[PDB]
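Taken in sequence, the protein lines are chains C, V, Y and A.
So for the first sequence, the working numbering puts the first residue at 589; every next one is plus one.
So for the second sequence, the working numbering puts the first residue at 20; every next one is plus one.
So for the third sequence, the working numbering puts the first residue at 31; every next one is plus one.
So for the fourth sequence, the working numbering puts the first residue at 2; every next one is plus one.
Backbone N, C-alpha and C fix where the C-beta goes; we use that ideal spot for every residue, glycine too.
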Amino acid sequence: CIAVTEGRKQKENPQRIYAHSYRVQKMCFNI
Amino acid sequence: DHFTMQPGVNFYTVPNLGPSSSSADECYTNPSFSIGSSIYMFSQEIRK
Amino acid sequence: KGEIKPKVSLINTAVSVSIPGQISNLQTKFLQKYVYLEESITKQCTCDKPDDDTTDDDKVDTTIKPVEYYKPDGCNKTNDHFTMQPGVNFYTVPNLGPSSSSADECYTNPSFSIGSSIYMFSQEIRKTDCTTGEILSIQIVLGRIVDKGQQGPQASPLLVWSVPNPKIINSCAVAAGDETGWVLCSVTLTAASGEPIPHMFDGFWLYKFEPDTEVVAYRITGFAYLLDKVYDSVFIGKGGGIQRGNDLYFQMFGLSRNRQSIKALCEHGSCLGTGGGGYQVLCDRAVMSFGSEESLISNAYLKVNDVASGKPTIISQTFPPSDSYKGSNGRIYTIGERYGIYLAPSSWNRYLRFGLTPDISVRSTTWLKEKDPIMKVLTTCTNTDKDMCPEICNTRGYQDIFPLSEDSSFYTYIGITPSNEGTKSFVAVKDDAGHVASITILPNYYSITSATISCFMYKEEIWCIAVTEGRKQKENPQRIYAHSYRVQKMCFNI
Amino acid sequence: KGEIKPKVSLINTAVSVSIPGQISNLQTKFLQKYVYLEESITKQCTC
Ligand SMILES: *[C@@H]1O[C@H](CO)[C@@H](O)[C@H](O)[C@H]1NC(C)=O
Ligand code: NA
Ligand code: NA
Ligand code: NA
Numbered sequence: 589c590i591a592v593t594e595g596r597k598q599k600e601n602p603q604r605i606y607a608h609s610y611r612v613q614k615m616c617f618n619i
Numbered sequence: 020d021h022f023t024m025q026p027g028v029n030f031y032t033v034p035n036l037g038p039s040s041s042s043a044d045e046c047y048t049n050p051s052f053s054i055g056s057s058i059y060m061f062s063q064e065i066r067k
Numbered sequence: 031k032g033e034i035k036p037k038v039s040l041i042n043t044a045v046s047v048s049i050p051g052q053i054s055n056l057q058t059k060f061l062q063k064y065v066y067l068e069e070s071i072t073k074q075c076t077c078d079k080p081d082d083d084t085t086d087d088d089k090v091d092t093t094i095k096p097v098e099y100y101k102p103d104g105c106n107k108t109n110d111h112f113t114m115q116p117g118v119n120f121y122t123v124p125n126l127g128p129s130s131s132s133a134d135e136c137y138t139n140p141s142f143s144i145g146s147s148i149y150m151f152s153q154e155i156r157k158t159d160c161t162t163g164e165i166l167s168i169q170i171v172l173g174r175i176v177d178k179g180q181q182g183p184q185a186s187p188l189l190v191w192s193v194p195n196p197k198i199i200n201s202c203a204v205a206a207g208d209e210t211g212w213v214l215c216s217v218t219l220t221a222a223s224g225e226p227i228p229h230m231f232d233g234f235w236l237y238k239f240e241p242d243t244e245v246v247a248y249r250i251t252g253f254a255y256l257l258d259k260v261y262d263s264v265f266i267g268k269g270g271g272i273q274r275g276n277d278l279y280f281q282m283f284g285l286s287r288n289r290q291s292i293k294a295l296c297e298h299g300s301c302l303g304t305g306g307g308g309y310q311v312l313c314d315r316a317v318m319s320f321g322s323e324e325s326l327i328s329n330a331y332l333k334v335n336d337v338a339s340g341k342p343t344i345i346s347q348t349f350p351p352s353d354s355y356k357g358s359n360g361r362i363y364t365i366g367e368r369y370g371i372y373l374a375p376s377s378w379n380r381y382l383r384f385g386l387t388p389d390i391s392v393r394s395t396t397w398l399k400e401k402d403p404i405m406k407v408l409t410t411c412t413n414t415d416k417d418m419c420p421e422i423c424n425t426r427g428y429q430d431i432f433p434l435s436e437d438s439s440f441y442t443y444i445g446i447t448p449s450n451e452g453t454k455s456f457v458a459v460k461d462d463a464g465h466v467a468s469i470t471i472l473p474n475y476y477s478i479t480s481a482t483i484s485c486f487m488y489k490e491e492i493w494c495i496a497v498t499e500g501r502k503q504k505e506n507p508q509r510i511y512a513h514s515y516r517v518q519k520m521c522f523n524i
Numbered sequence: 002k003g004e005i006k007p008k009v010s011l012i013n014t015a016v017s018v019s020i021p022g023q024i025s026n027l028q029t030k031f032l033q034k035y036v037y038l039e040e041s042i043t044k045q046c047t048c
């Protein structure tokens with residue numbers, strides 16, 4: 589999955605747009 | 020059995036999705052992002 | 031302007047950075063699989079990344095990372111000596127910055143800095159003579175260190191820029207942080223005719239460079255800076271500077287006016303000769319400029335505050351004459367959680383001047399007791415190396431060191447020795463016990479006059495790149511060259 | 002002639018020289034490793 593966000597890296601920086609990627613994993617727990 | 024899906028541990032970066040600028044009086048706002056079969060569309064507004 | 035240029039920049043970035051990284055990753059995986067196959071073959075036949083998490087996830091390129099000092103683990107239990115020694119080879123690092131074949135032009139005063147994954151480079155082009163020649167241009171390069179198919183690391187320039195109004199600039203330097211480069215330049219007072227008044231002070235200029243963006247210029251003058259002493263002229267140390275947090279740190283030197291008593295630092299070993307207190311008088315006069323006690327040449331820490339806000343300000347701290355010799359070019363280093371300063375030799379002491387401070391303060395700086403790098407070129411001084419006799423002389427040269435340990439007990443440097451024709455140069459590593467491991471370098475080249483070293487982590491080892499200035503042949507004009515070497519650890523047992 | 006031309010020259014150098022050398026070095030290393038693998042197979046799984 590890819591996520592697009594707004595934000596500022598530093599407190600006094602102007603707003604910008606960033607993008608990051610992550611993986612969703614199947615799991616099978618046993619209780 | 021409990022079938023579950025969980026988020027992965029790393030949050031990688033995707034550099035250069037769209038062009039940016041170093042000006043300090045411009046704000047990039049209101050992105051619109053969509054992914055198709057093989058292509059992606061991205062939209063942004065610059066406001067002063 | 032709208033279509034061709036951004037796409038050309040994208041093509042340059044993709045062919046110079048991305049594809050080499052992809053191929054290097056493929057090769058690394060191939061070798062790993064081969065090793066695994068060999069191990070399985072030997073074993074069977076008869077007769078996921080939490081450490082990389084929050085570490086390399088935010089990095090665009092993972093070729094290099096900041097240095098991580100070697101540890102004596104394993105070496106310790108048997109009586110043993112743990113030592114670091116230089117690699118045998120000194121590979122070229124071609125096209126670090128653009129060059130020219132003009133014979134009237136000299137490339138001088140290089141400034142080199144390495145960030146997290148980017149590098150910043152600066153050079154001056156002066157007509158005719160290197161020292162007192164008109165500044166034709168000042169060129170800045172921002173790039174990345176990448177792994178091509180060659181043995182050593184390589185450099186890929188990403189942005190080349192020319193400083194506006196080069197004539198009115200006294201001197202300046204560069205610093206590198208993650209995805210960011212900074213250039214601090216000092217200007218002089220120009221008035222009346224357009225020709226600048228040499229060796230004056232009129233403020234600073236600060237330039238910020240980021241990848242695939244436009245350079246940002248800030249003017250620091252008037253009430254935006256507060257130096258602790260009245261400086262007639264201000265120069266920025268060619269070594270460079272560093273960024274910590276929202277603040278930058280540089281070294282400066284220049285003419286400063288004072289009215290107090292002067293007792294210049296006088297450390298030397300059994301000079302004898304005349305003596306009788308005349309050495310103290312010579313030491314006091316050396317730091318003076320043109321004899322008058324009013325004006326001295328002073329060294330100073332320089333601090334730039336709130337760079338992210340958009341209104342940077344500058345403060346400074348001046349070294350007293352009792353704790354220093356005459357001002358010269360310097361460099362600021364971050365070692366571990368503490369910082370260091372290297373001061374080049376100008377005047378009679380020609381030993382190495384390195385100091386360690388935890389908070390970048392004048393009153394909390396302690397100097398190393400090591401003499402290993404001794405400048406023997408570009409000096410008019412006549413005192414012997416064994417004992418440094420106070421004398422009035424000028425030395426113009428730059429050879430810095432890179433600490434390889436938290437307390438700077440290990441370090442690497444480059445030594446240059448004058449000869450009948452040109453100079454002879456070697457690269458050396460200095461350990462705790464007092465031993466030097468040396469390898470001669472650049473045999474073909476005629477002469478080398480300076481060297482600056484910066485080290486990093488590359489392929490699970492410490493690699494260093496040295497930027498020197500010199501002449502390949504006797505009649506060629508002076509140019510600047512970059513080469514790479516590795517530092518390898520050893521556990522010798524006696 | 003201030004920006005575009007040097008970048009074009011750099012791209013030409015990158016595509017004509019560096020990348021072919023990297024790919025050739027990869028192939029050379031791969032062939033050497035295959036030779037070593039065959040030698041070790043013959044030496045060890047001979048039985
Ligand atoms: C300790 O050093 C001595 C010589 O100084 C050497 O002969 C001896 O082998 C060393 N100890 C070991 C077990 O390495
Ligand atoms: Na394999
Ligand atoms: Na193989
Ligand atoms: Na193979």
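Look at the segment 60-85 of chain Y: the residues with a C-beta under 9 Å from a C-beta of chain A are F60, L61, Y64, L67, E68, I71, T72, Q74, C75, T76, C77. With fewer than 16 other CB atoms across the displayed protein chains lying within 10 angstroms of its CB, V612/C is exposed. When beta bridges are read from the DSSP output, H21/V appears opposite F617/C.
Of the other Cβ atoms in all chains shown, 16 or more fall within 10 Å of the Cβ of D177/Y; this residue is therefore buried. For the set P187/Y, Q115/Y, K416/Y, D437/Y, the Cα lying nearest the Cα of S147/Y is the one of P187/Y.
Contact annotation: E594/C and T48/V have beta-carbon atoms nearer than 8 Å. The CB of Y31/V comes closer than 8 Å to the CB of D87 in chain Y, given here in chain order. Sorted by chain position, residues whose beta-carbon lies closer than 6 Å to a non-hydrogen atom of ligand 3 are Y64/Y, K34/A, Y35/A, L38/A. Its chain contains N276 as the residues whose beta carbon lies nearer than 6 Å to that of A338/Y, once the 5 sequence neighbours on both sides are disregarded; these appear in chain order.
In the structure shown, the three-state DSSP call for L386/Y is strand.
Contacts with chain V at 8 Å (Cβ-Cβ) include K614/C. When the five nearest sequence neighbours on each side are left out, the beta carbons in the same chain lying within less than 6 Å of the beta carbon of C301/Y are those of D417, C419, in order along the chain. For the options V466/Y, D415/Y, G163/Y, the alpha carbon positioned closest to that of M114/Y is the one of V466/Y. With a threshold of 7 Å, the Cβ atom of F31/A counts as near ligand 4, since some heavy atom of the ligand is closer than that. Listed along the chain, the chain V residues whose CB falls inside 8 Å of the CB of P36/Y are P38.
Not one heavy atom of ligand 1 lies closer than 7 Å to the C-beta of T113/Y. Residue-level contact by beta carbon holds for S41/V and chain Y, with a gap shorter than 8 Å. CA-CA distance, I168/Y to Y66/Y, rounds to 52 Å.
As the crow flies, the alpha-carbon of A206/Y is around 31 Å from that of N424/Y.
In the DSSP assignment, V171/Y forms a beta bridge with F151/Y, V190/Y. Taking every protein chain shown into account, the CB of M615/C has fewer than 16 other CB atoms within 10 angstroms, so this residue is exposed.
Taken through DSSP and simplified to helix, strand or coil, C296/Y comes out as coil.
In the DSSP annotation of this structure, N195/Y is not part of any beta strand (DSSP E), being labelled neither H nor E. In the structure shown, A133/Y falls within a coil segment according to DSSP collapsed to helix, strand and coil.
For the C-beta of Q23/A, the chain Y residues within less than 7 Å are, from N- to C-terminus, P50, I53, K178, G179. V18/A is outside the set of residues whose beta carbon lies under 8 Å from a beta carbon in chain Y.
Listed by position along chain C, the residues whose Cβ is nearer than 8 Å to that of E45/V are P602.
Ranked by how close their Cα comes to the Cα of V457/Y, the residues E323/Y, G308/Y, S435/Y, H513/Y have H513/Y in first place. Taking all protein chains in view, the Cβ of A374/Y is crowded by 16 or more other Cβ atoms within 10 Å, so the residue is classified as buried. In this chain, the alpha helix (DSSP H) harbouring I53/Y covers 49-74.
Restricting attention to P128/Y, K107/Y, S70/Y, the CA atom closest to the CA of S10/A is found in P128/Y. When the Cα atoms are used, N359/Y and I65/V turn out to be separated by approximately 44 Å.
Within the same chain, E594, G595, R596 come within 8 Å of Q603/C by CB-CB distance, once the 5 residues on both sides are set aside.
The Cβ-Cβ distance between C411/Y and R380/Y falls below 8 Å.
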